[PDB]
Amino acid sequence: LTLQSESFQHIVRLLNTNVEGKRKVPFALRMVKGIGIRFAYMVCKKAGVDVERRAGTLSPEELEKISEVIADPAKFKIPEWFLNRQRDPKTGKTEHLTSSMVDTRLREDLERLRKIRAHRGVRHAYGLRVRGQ
Amino acid sequence: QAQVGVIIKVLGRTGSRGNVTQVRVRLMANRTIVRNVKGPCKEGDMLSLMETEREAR
Amino acid sequence: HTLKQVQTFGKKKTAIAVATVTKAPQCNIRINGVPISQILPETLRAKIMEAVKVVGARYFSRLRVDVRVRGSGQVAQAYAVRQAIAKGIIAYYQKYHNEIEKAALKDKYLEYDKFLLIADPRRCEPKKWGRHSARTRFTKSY
Amino acid sequence: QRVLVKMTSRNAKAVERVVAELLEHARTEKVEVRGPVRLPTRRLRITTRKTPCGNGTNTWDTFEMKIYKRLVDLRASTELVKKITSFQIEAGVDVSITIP
Amino acid sequence: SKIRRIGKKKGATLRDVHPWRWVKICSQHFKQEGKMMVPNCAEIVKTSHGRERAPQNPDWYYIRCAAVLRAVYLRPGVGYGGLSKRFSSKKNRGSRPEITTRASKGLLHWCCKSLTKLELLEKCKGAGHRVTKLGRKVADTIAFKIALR
Amino acid sequence: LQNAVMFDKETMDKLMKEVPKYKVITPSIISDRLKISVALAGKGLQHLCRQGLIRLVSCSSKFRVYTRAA
Amino acid sequence: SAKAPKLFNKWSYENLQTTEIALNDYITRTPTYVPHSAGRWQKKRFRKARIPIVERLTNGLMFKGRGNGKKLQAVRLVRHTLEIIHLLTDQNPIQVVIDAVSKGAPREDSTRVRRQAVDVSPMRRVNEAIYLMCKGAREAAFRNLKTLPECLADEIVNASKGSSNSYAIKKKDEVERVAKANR
Amino acid sequence: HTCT
RNA sequence: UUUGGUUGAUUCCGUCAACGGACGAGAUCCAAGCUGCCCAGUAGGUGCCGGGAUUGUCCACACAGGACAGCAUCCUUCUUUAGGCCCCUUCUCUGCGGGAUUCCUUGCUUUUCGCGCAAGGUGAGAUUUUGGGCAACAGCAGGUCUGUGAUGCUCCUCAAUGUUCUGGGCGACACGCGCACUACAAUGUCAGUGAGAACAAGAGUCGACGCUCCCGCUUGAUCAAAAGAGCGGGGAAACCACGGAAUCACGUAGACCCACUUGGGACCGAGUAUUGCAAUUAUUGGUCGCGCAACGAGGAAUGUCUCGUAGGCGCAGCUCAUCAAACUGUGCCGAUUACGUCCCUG
Ligand SMILES: [K+]
Ligand SMILES: [K+]
Ligand SMILES: [K+]
Ligand SMILES: [K+]
Ligand SMILES: [K+]
Ligand SMILES: [Mg+2]
Ligand SMILES: [Mg+2]
Ligand SMILES: [Mg+2]
Ligand SMILES: [Mg+2]
Ligand code: NA
Ligand code: NA
Ligand code: NA
Ligand code: NA
Ligand code: NA
């Protein structure tokens, strides 16, 4: 029931993605590629941000605190099984990929299978379904 | 506007489909008339006739 | 020094409710442990409550009612309880009281609802092969 | 529960005959007999398509098989109980004598 | 006066009072006291794999333990297999028919451990857990507290 | 639909200025008279009932109905 | 002692009447506590006319593929509708429902027999009245913020007043006007 | 399998 | 063996160049709903006698807190997976039986009669009681030589169309058609608390001295799910089991508010555990991402259905070493319309 602060802003810019001024904080971070729900809840919990703030008052320090949490999730006691790339078939590292880096790794995987000339690679090249369907 | 009549007796189901029944109704004047009724109808029921001047055979 | 007790029962679909009515220092009605006036669905509370509200609470003055229900879902259990209660007071009043006092509450019961004293004989219909249920059939293609 | 005798078969008439005359064999000694108990009846059902080649309308076929079980409690000395249980048994009825 | 007592009927028991109100009061008592230990697994896990999202109530762990106390109170000798049945749901499986799933038995083990540490519950030999004398006293004292309120 | 999400002054004053005169008060209706979210309307109505300017008639988990106090 | 039953413990059945003498025998006003009956009302041809009027409105609410058989939900929706009606009208809610059913169905219809105008029996008048009210409210609350309990109250009130801003009344006029010119 |  | 009435009925009454008979319909059989005997250490209850917990002169009554029982009565209630005894068979179990017959009124019925109809009453049930099962005589060039140590003629028959092993395929996609599942959201989605079903199933008659099948309780746990491990039970009315199913309910002072959005979950990336001699063409289950894939209620056309039914919601069995959007059954919530006609199709 707090009055609008006149500093309320729309399309909050974060991680090179426009994030709606409305919507609760967990469901606004869901619009950043790689985060998704059930991860934005952990991000807000570990950044000390209430999940009932609706991005109306997201001061630059709070955005920076959020952005540094997602940058290194394991530094804030996020379990390894709670992550995007668990063991990285190429590098051999555990990390979380977000914000236009997941797509780059996706095209890296597709070309890696093509050079291998595995069955999954050739089916991807022809545009067919790679699972059993 | 509307005249209320009472159904005295029912002849039977008319029409090819059998969804229309034929009844004899007395106005409320003792003048009886013959009308076609749509829907489930019974003796002693009351209708609301818009015009009560023409027979329906 | 003396014990007054009756046992009745009622069934709706497959629920069986057994009610025990005895003389107690103060009236109490408990359904499966939790007392009445605490059953969460207010609609189902009204249906059970109407077993006493039709004849009035004066006839339930110092009677203790204990009911146990088993089987058949949620709504069907409420209906079995109200029937076992209604049959209970009538059975209790049949003895320990004159015949004129009885059949003065029965008419009030049967006027309001026949099922308050007579069980509903409806049961589920068996499924038959070649049908998705008792009645509906497999789709035809042409 | 001194002596438990359980009978079960596929013929209700045969089961009833064995129990009834087992009681008179008991009633001729003055044993202490707990009355016969009728355990729930069990039916085995098998459903199968009627056709041998998968053609026409899908018509099925439901078969059943009923099993009757009875229980009798006897409280008597062993060498005596064997004398009662030495009766002739109707065909198709099995009898199990157990002690708990 | 909704708190005026009828003739006789002194005191109260857990089975009498409204169930949700007792749980809410019991959960606050656990929180306000502070002896209950909450594991560091109580911020990431879901209640069951049949669920889709993590609990939205900040006091969900305190609420759950109070409910576990109530269930053991009602049914002595219950185990983790029984408690998973009590807390079930339907799982959304996509373009497939829904199916019912039980609560994870790992979390219920933690809930029983916290209650045992709070000497509110003890395990029967060769069976599940039952409630102790202190646990029975705690539940009934709160139930009478609500009736007077 | 351009419903507001946070209470603002002009709508803020209009909550105690015009709403209490209404004969029937519902979150669905209030969200129409003042261009606010239905979630916001329900909070504002609960705010007014605590103040005492309106009276709650029917209460339920999903539906609430309020009317003028006098 | 025993007191007269009151619907939802707030509304009384006493001093109720039907201004249309045609429908007087087909609208039931026996006092009840709740719209839940669970009786065999379809065994005989005319036995469905003995269901209390408030119950018939409850039955019509649960229609679509979602909602088939949700009687308890329908009772809750009906219950919240009555106070909105009572606040809007300052009159007994059951009286308003009785009036709306009376004036919500066309008294003259046209059927294919080239189409020729015919009459409408009392039972069909009551049935079609309730059917059009639920259908009008259900389509108004779809993809709308208004919600159903307060969508149904407005249309029932509008129908009782006879205003043309109602699905029931607007359809009734169109049917009657067509039947006139079709004869 | 694939249908389209 | 026709015509006149009646019946679901070639079911009956009457008439009659026909009279006597056989099948089919009806009856019989199974399962439900009401009841009688017999029943208990595998089903259940009632008193007391112990033991355990809470307990008010007023007063206080949720942060905003409301509507619905008990009070001329002998004494407040709950539990006993610290339990001893006494009385029992209403509820459960079921092998034979009773119970329904147009029985009783009123009105219609070929000129009477006869055969019978409709409304009501008795009643647990009131018209084949409700569901099934069985079902004649004639046929079809309907299907099956892929069930059999059912089989005639005719093919291959030792570098085989016999038999066995290794590896593939039966699943391949520009497309078209039948049948299902999931949705297009507020009568909703997500997160919590409450009460709560029936049908059922479970291991040896070849292999490790013991087991194989189905489950319960702990521990794993100073830290996910998924699992390894200890300890036991059940041959099944004794174990799983007080069978805590899902729709459902909640005055939860919960989250969202009309947008392809927290609606919908297709497609795809990475890590793990299990079944199996063997998982790539992903067996399966679980975790985090992708959600910018259509889809906003569907043209012509078209399927099923009349009371515990339609629709909605789950569970078990079967197939099964591992896989159910299928089928066979089971229960749970539970309606609108008609009680007609021969217009369409027969
Ligand atoms: K088919
Ligand atoms: K023929
Ligand atoms: K195939
Ligand atoms: K199949
Ligand atoms: K025809
Ligand atoms: Mg001939
Ligand atoms: Mg051929
Ligand atoms: Mg979703
Ligand atoms: Mg979306
Ligand atoms: Na869904
Ligand atoms: Na579904
Ligand atoms: Na709506
Ligand atoms: Na006929
Ligand atoms: Na051959």
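Computed over heavy atoms, backbone and side chain alike; hydrogens, waters and symmetry mates excluded. Below, read A as the first sequence line, B as the second, and so on, with proteins coming before strands; counting in each chain starts at 1.
For the pair D/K69 and I/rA237, the criterion of a side-chain N or O lying under 4.0 Å from OP1 or OP2 is met. Phosphate contact (OP1/OP2 of I/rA237, side-chain N/O of D/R42, threshold under 4.0 Å): present. At the phosphate of I/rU328, neither OP1 nor OP2 sits under 4.0 Å from any side-chain N or O atom of D/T47.
As judged by a 4.0 angstrom heavy-atom cut-off over every strand, G/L145 is placed among the base-contacting residues. Residue E/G94 is classed as a sugar-phosphate contact, given heavy-atom separations below 4.0 Å to backbone atoms only. Nucleic acid contact for C/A76: sugar-phosphate only, since backbone atoms but no base atoms lie under 4.0 Å from a heavy atom of the residue. As judged by a 4.0 angstrom heavy-atom cut-off over every strand, E/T47 is placed among residues touching the sugar-phosphate backbone only. Among the protein residues, C/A119 comes within range of no part of the nucleic acid, since none of its heavy atoms lies under 4.0 Å from any strand. Across all strands shown, A/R85 has heavy atoms under 4.0 Å from sugar-phosphate atoms exclusively, and none from any base. Across all strands, A/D103 comes closer than 4.0 Å to no nucleic acid atom at all (heavy-atom distances). If you check every strand for non-hydrogen atoms under 4.0 Å, E/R70 touches sugar and phosphate atoms only.
Among pairs with a residue in residues 135-145 of chain E, those fulfilling side chain to side chain donor-acceptor pair (under 3.5 Å) read E/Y73-E/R136, E/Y73-E/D140, at least two apart in sequence or across chains.
A canonical Watson-Crick pair (purine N1 to pyrimidine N3 plus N6-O4 or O6-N4) or a G-U wobble (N1-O2 and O6-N3), each contact under 3.5 Å, is present between I/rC37 and I/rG95. Between I/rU304 and I/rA27 there is no Watson-Crick or G-U wobble pairing whose two distances both come in under 3.5 Å. The base of I/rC59 does not engage I/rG131 as a Watson-Crick or G-U wobble partner with both distances under 3.5 Å. Between I/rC96 and I/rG36, a Watson-Crick or G-U wobble pair is formed, both defining distances falling under 3.5 Å.
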Walk along nucleotides 60-73 of chain I from 5' to 3' and tag each nucleotide B, S or - by protein heavy-atom contact under 4.0 Å, base first, then sugar-phosphate. BBB-B-S-BBBB-S
Readout for nucleotides 289-297 of chain I: B = base within 4.0 Å of protein heavy atom, S = sugar-phosphate only, - = neither; 5' to 3' it is SSB----BB
For each nucleotide in nucleotides 98-105 of chain I, reading 5' to 3', give B when a protein heavy atom comes within less than 4.0 Å of its base, S when such contact involves only the sugar-phosphate, and - otherwise. --------
Under a 4.0 Å heavy-atom criterion, the protein footprint on nucleotides 341-346 of chain I, written with B, S and -, is BSB---
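The NZ-P distance, from E/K85 to I/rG196, rounds to 14 Å in whole Å. Atom CD in C/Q77 sits roughly 17 Å away from atom P in I/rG194 (whole-Å rounding).
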Residue pair C/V65, C/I36: steps toward the side-chain contact (heavy atoms from CB on, under 4.5 Å) verdict: CA-CA 10 Å; C/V65 196; C/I36 205 56; over 6 Å; no
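Side-chain atoms of F/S60 lie closest to I/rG251 of the nucleotides I/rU309, I/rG251, I/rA325. Out of I/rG311, I/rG95, I/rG133, the shortest distance to the side chain of C/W129 is found at I/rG133.
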Between the protein and nucleotides 117-120 of chain I, are there any N/O to N/O pairs under 3.5 Å, and if so, what are the atom names and distances?
residue: I/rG120; atom: OP2; partner: G/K44; partner atom: NZ; Å: 3.3

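Within 3.5 Å, a donor on the side chain of A/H119 pairs with an acceptor on the base of I/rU281, or the reverse.
To the nearest 0.5 Å, atom OG1 of residue C/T22 and atom CZ of residue C/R62 are 13.0 Å apart.
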